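The structure appears right after this line, and notes come after that.
Every heavy atom of this structure was used, including side-chain atoms; hydrogens, water molecules and symmetry mates were not. Within every chain, numbering begins at 1; the chains are lettered A, B, ... in the order of the sequence lines, protein sequences first and strands thereafter.
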Number of protein chains: 2
Amino acid sequence: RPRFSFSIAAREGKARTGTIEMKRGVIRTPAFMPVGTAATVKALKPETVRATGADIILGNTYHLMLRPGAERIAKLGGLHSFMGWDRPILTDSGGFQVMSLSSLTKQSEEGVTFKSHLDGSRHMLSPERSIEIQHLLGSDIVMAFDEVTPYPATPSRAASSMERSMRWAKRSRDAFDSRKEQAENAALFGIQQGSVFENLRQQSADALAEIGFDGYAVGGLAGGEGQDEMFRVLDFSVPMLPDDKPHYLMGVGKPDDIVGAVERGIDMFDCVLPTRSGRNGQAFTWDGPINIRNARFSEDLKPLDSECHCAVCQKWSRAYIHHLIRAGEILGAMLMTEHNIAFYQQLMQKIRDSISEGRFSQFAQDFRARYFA
Amino acid sequence: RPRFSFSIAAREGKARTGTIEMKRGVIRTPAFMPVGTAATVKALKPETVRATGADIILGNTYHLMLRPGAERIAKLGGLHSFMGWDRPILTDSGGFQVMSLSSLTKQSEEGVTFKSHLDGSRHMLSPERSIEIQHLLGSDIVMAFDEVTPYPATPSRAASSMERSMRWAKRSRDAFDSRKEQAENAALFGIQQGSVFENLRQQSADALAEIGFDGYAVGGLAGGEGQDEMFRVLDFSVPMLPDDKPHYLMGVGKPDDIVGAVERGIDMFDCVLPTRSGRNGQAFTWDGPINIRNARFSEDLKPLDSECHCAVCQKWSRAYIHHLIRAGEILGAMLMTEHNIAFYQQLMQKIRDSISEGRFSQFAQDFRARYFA
Ligand SMILES: [Zn+2]
Ligand SMILES: [Zn+2]
């Protein structure tokens with residue numbers, strides 16, 4: 001396999017289905033990436049993550065650099081070896097979480113210094129250091145280090161952040177390219193910014209395409225704007241990106257969001273929703289989500305979802321899982337997470353098959369009628 | 001397979017190895033039973049419990065009756081169906097936990113009434129109700145309902161409790177026998193009491209043998225007396241029990257305790273140690289236990305134990321598991337528990353093979369030299 005090759009096998013409207021071939025494996029697109037926070041997809045062995053259909057997982061740079069440490073993971077042989085997942089890993093740049101989880105940020109053109117939300121330790125993150133950490137982890141898909149624009153943002157501030165992000169995207173590119181081993185074996189994605197503003201999204205897309213990346217993420221969304229606005233922004237933003245490279249919508253999302261975003265040209269997704277909500281009691285079904293803690297499930301012998309092919313739905317009842325989650329049992333988190341992640345993979349499979357067969361628009365319509373019945 | 005058949009295949013001194021055949025499967029003895037509290041062996045799917053080598057698990061009656069409820073489990077098809085373990089299950093009588101976990105106990109000759117440590121609900125437990133609950137769960141090995149003698153106990157109080165326990169053992173026997181379906185498909189074990197006193201242990205054994213049970217537990221030990229005293233009591237107590245039936249030491253225990261107790265004629269064991277300590281950071285090894293949270297393991301690439309055949313030791317390093325447990329990750333509990341339970345099953349296998357080969361005494365000596373090196 002090559003370092004990176006994205007091939008589009010079928011299209012329907014703006015939707016695409018295909019494959020990304022990398023050294024560690026093939027990624028089927030549109031793709032959902034389960035999120036591994038501190039080097040684990042929560043409550044799942046990697047073999048179980050793979051069994052659900054995942055082709056690639058996401059690792060959080062910010063969390064890994066704080067614990068167990070980027071250098072330490074490198075010494076121990078890299079993230080893949082450390083956690084036991086041998087397929088591709090995408091790492092985020094660590095920037096988003098600095099804003100959302102650290103204390104005392106000091107921000108500047110060089111990068112950001114911050115205090116750990118764990119200990120009192122002070123850490124630094126810049127385009128160069130972010131790229132270095134991702135190398136130390138041995139990431140397959142490296143994200144450029146950007147400055148995240150909170151929602152809502154004024155046009156002036158959105159512009160300033162976007163412009164800084166574009167300067168940092170060049171720095172990221174150069175850092176990545178300067179490290180022979182990373183340049184030869186990993187891929188680099190740039191992140192489009194500009195908040196909800198069309199002209200800024202355009203300037204950002206143009207800047208990113210001028211530098212040149214293996215893939216392009218749409219950043220700054222799912223920040224509180226709501227689905228209507230998100231979709232409106234995707235409408236004009238995705239077409240600005242090079243059509244022949246993957247389009248990654250960071251941090252999205254709910255099943256309905258994924259469907260609409262694929263309709264708009266998105267090829268890759270990640271979210272903590274299926275894992276996080278899993279441990280919380282929310283199970284996804286084709287008829288909409290359920291909260292398994294609800295008393296109405298205490299004696300329901302049906303599986304979580306009536307069609308789901310996952311091992312949880314083959315083996316255990318809603319009643320049992322209701323019991324486990326109410327009791328705060330670890331097996332409850334294990335089973336809910338496996339089911340939710342498998343649901344997401346089944347959704348992605350249905351999306352890929354429908355596009356390949358030229359009936360994705362019908363699938364979207366059928367999916368919505370039932371999910372929101 | 002028959003309802004119950006215990007066969008002894010080999011002996012060495014007081015040690016025995018053999019099999020208990022029951023309708024739901026064969027139990028190899030000496031046996032270790034992982035403990036399922038609220039209908040789950042904590043952090044493990046039943047298939048994983050089986051994969052470690054477990055032939056039978058233990059379920060806690062007290063916890064099951066409070067949540068999700070004995071009647072409810074019956075309605076849903078019984079404990080096996082509910083939790084997805086189709087092999088034998090031994091249920092305790094629920095008495096021990098009433099003493100240790102409930103509030104406001106009212107005790108009498110009829111039984112005990114108590115308040116849930118969960119809600120404010122008031123529950124009752126008597127020989128008859130304990131046997132009924134175990135039937136509703138669909139237990140394969142039913143324990144007689146006894147009164148537990150705290151350590152230390154005066155001879156007078158030990159005697160009074162033992163005598164009451166023997167009256168309750170007859171009541172348990174009669175209750176079990178009166179329910180055709182339970183009598184025909186399950187087995188009933190009596191519990192010897194009498195604290196540390198030889199004459200009381202003798203009276204108790206004589207009373208139990210007169211009633212007649214499928215197996216005999218040594219109760220009242222591991223209550224704070226220490227290994228020396230426990231062993232001293234086992235020395236005279238086990239021989240009092242019918243030699244041709246299984247001998248069950250309830251609530252034991254550490255690996256060294258298991259070895260010494262088998263040397264003294266014990267065939268069955270349960271303890272929360274490998275599960276509980278697992279989540280706590282303690283991993284069993286042939287060279288003694290380790291606490292994986294210790295900083296010395298942060299970059300140790302070796303498996304938890306150098307000889308262990310479990311899936312955890314095949315796949316992950318001490319360094320990774322150290323990280324998971326420090327981080328409070330669910331996968332940390334999953335991996336530690338699987339390893340610890342598999343260690344216990346490997347110990348039991350080595351014990352069975354050594355007895356079968358007439359070299360158990362040497363195995364005990366070799367085990368101790370290394371474990372306590
Ligand atoms: Zn499922
Ligand atoms: Zn092991």
ask   = Given B/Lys315 and B/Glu338, is the salt bridge (charged side-chain N to carboxylate O under 4.0 Å, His left out) satisfied, shown in steps?
value = CA-CA 12 Å; B/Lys315 296 176 188 269; B/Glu338 175 172 359; over 6 Å; no
Within-4.5 Å side-chain heavy-atom neighbours: A/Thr154 and A/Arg157 = yes
query = If only atom types and distance count, is the side chain of A/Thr17 paired as donor or acceptor with the main-chain N or O of A/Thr29 below 3.5 Å?
reply = yes
query = Has the side chain of A/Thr48 got a donor or acceptor atom that lies under 3.5 Å from a matching backbone atom of A/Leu44?
reply = no
inquiry  = Quick check: do A/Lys42 and A/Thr37 have side-chain heavy atoms less than 4.5 Å from each other?
reply    = yes
query = Aromatic rings B/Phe343 and B/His339: how do their planes relate, parallel, tilted or perpendicular, breaks at 30° and 60°?
reply = tilted
key: Derivation of the side-chain contact (heavy atoms from CB on, under 4.5 Å) call for A/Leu136 and A/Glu71   = CA-CA 6 Å; A/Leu136 289 170; A/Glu71 277 79 5; 3.4 Å; yes
task = Flag the pair A/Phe114 / A/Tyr62 as yes when their ring centroid distance falls below 6.0 Å, and as no otherwise.
result = yes
query = Any idea which heavy atoms bring A/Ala158 and A/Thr149 closest together, and the distance?
reply = CA-CG2, 3.9 Å
message = Quick one about A/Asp177 and A/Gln182 (side-chain donor to acceptor, distance below 3.5 Å, no hydrogens or angles considered), yes or no?
response = no
query = Is it the case that A/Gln282 and A/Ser277 place a side-chain donor and acceptor less than 3.5 Å from each other?
reply = yes
query = Within a radius of less than 6.0 Å around NZ of A/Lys23, do more than 12 heavy atoms belonging to other residues, nucleotides or ligands occur?
reply = yes
task = Fit a plane to each ring of A/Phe189 and A/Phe4, take the angle between them on a 0 to 90° scale, and name the class: parallel (under 30°), tilted (30 to 60°) or perpendicular (over 60°).
result = perpendicular
inquiry  = With rounding to the nearest 0.5 angstrom, report the CD1 to CG distance, B/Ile292 to B/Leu304.
reply    = 5.0 Å
request  = Could you tell me the separation between the CG atom of A/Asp146 and the CE atom of A/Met166, rounded to the nearest 0.5 Å?
outcome  = 7.5 Å
task = State, to 0.1 Å, how close A/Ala217 and A/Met143 come at their nearest heavy-atom pair, and which atoms those are.
result = CB-CE, 3.8 Å
message = Using salt bridge (charged side-chain N to carboxylate O under 4.0 Å, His left out), reason through A/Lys170 and A/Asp174 one step at a time and then give a plain yes or no.
response = CA-CA 6 Å; A/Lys170 174 62 172 155; A/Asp174 286 354; 2.9 Å; yes
Output field: ring centroids A/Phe32/A/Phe269 closer than 6.0 Å = no
request  = Report the distance from atom CD1 of A/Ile131 to atom CZ of A/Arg179, rounding to the nearest 0.5 Å.
outcome  = 8.0 Å
Carboxylate-amine/guanidinium proximity below 4.0 Å for A/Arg3 and A/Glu184 = no
query = Do A/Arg359 and A/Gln362 have side-chain N/O donor and acceptor atoms under 3.5 Å apart?
reply = no
ask   = If you look at every heavy atom in A/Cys271 and A/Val35, which pair is closest and at what distance?
value = O-CG2, 3.6 Å
task = Answer yes or no: are there more than 12 heavy-atom neighbours, outside A/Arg167 itself, under 6.0 Å from its atom CZ?
result = yes
inquiry  = Has A/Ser139 got a side-chain atom pairing as donor or acceptor with A/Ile141's backbone, closer than 3.5 angstrom?
reply    = yes
query = Hey, does the side chain of A/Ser237 reach the backbone of A/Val233 with a donor-acceptor pair shorter than 3.5 angstrom?
reply = yes
key: Main-chain N/O of A/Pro127 paired with A/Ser130 side-chain donor or acceptor, under 3.5 Å   = no
request  = Decide side-chain contact (heavy atoms from CB on, under 4.5 Å) for B/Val312 and B/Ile321; before the verdict, give the C-alpha distance in whole Å, the side-chain angles of both, and the deciding distance to 0.1 Å.
outcome  = CA-CA 9 Å; B/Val312 183; B/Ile321 302 180; 3.6 Å; yes
task = Evaluate the side chain to side chain donor-acceptor pair (under 3.5 Å) criterion for residues A/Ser161 and A/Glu147: first the C-alpha distance (whole Å), next the side-chain angles of each, then the deciding distance (0.1 Å), finally the verdict.
result = CA-CA 6 Å; A/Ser161 269; A/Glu147 183 178 75; 2.6 Å; yes
ask   = What's the verdict on side chain to side chain donor-acceptor pair (under 3.5 Å) for A/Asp92 and A/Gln134, showing C-alpha distance, side-chain angles and the deciding distance?
value = CA-CA 8 Å; A/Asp92 57 25; A/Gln134 293 179 75; over 6 Å; no
request  = Answer yes or no: is there a donor N or O on one side and an acceptor on the other, between the side chain of A/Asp55 and the main chain of A/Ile27, under 3.5 Å?
outcome  = no
note = All heavy atoms of A/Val196 vs all of A/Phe236, minimum pair found to be O-CZ, 3.6 Å
Residues A/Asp206, A/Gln202; criterion side chain to side chain donor-acceptor pair (under 3.5 Å); working and verdict = CA-CA 6 Å; A/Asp206 291 344; A/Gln202 185 65 68; 3.0 Å; yes
ask   = Which heavy-atom pair separates A/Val218 from A/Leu249 by the least distance, and what is that distance?
value = O-CD1, 3.7 Å
query = When you measure from the side chain of A/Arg50 to the backbone N and O of A/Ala54, does any donor-acceptor pair fall under 3.5 Å?
reply = yes
ask   = A/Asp140 and A/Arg87: salt bridge (charged side-chain N to carboxylate O under 4.0 Å, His left out), yes or no, with the steps?
value = CA-CA 9 Å; A/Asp140 304 283; A/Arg87 279 177 186 274; over 6 Å; no
ask   = So is A/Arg171 actually on top of A/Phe145's ring, under 6.0 Å and inside 45° of the axis?
value = no
inquiry  = Given 3.5 Å as the limit, does a donor-acceptor pair link the side chain of A/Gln314 with the main chain of A/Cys310, or not?
reply    = yes
query = Should A/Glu263 and A/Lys14 be marked as a salt bridge (charged side-chain N to carboxylate O under 4.0 Å, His left out) after you check the CA-CA gap, both sets of side-chain angles, and the distance that decides it?
reply = CA-CA 6 Å; A/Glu263 287 178 291; A/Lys14 289 179 177 182; over 6 Å; no
message = Quick check: A/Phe82 with B/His323 (ring centres under 6.0 Å apart)?
response = yes
ask   = For the side chain of A/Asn185 and the backbone of A/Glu181, is there at least one donor-acceptor N/O pair under 3.5 Å apart?
value = yes
task = Evaluate the ring-ring contact (aromatic ring centres under 6.0 Å, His included) criterion for residues A/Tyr216 and A/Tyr248: first the C-alpha distance (whole Å), next the side-chain angles of each, then the deciding distance (0.1 Å), finally the verdict.
result = CA-CA 6 Å; A/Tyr216 297 87; A/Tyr248 170 25; over 10 Å; no
query = To the nearest 0.5 Å, how far apart are CD in A/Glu132 and CG in A/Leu137?
reply = 10.5 Å
query = Is there side-chain contact between A/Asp243 and A/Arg16, with at least one heavy-atom pair below 4.5 Å?
reply = yes
message = Would you compute the distance between atom OG1 of A/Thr19 and atom CZ of A/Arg352 and round it to the nearest 0.5 angstrom?
response = 11.0 Å
Side chains of A/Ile20 and A/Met268 in contact at under 4.5 Å (non-hydrogen atoms) = yes
key: Salt-bridge contact B/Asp300-B/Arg296 (side-chain N to carboxylate O under 4.0 Å)   = no
Stacked cation flag A/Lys350 on A/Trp286, 6.0 angstrom / 45 deg = yes
message = Using a 3.5 Å distance criterion without hydrogens, assess whether the side chain of A/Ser108 forms a donor-acceptor pair with backbone atoms of A/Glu110.
response = yes
Gap separating the CE atom of A/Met348 from the CZ atom of A/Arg28, nearest 0.5 angstrom = 10.5 Å
ask   = What pair of heavy atoms forms the shortest contact from A/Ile191 to A/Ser204, and how long is it?
value = O-OG, 4.3 Å
ask   = Does A/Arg173 count as lying over the ring of A/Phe213, i.e. NZ or CZ under 6.0 Å from the six-ring centre, within 45 degrees of the axis?
value = yes
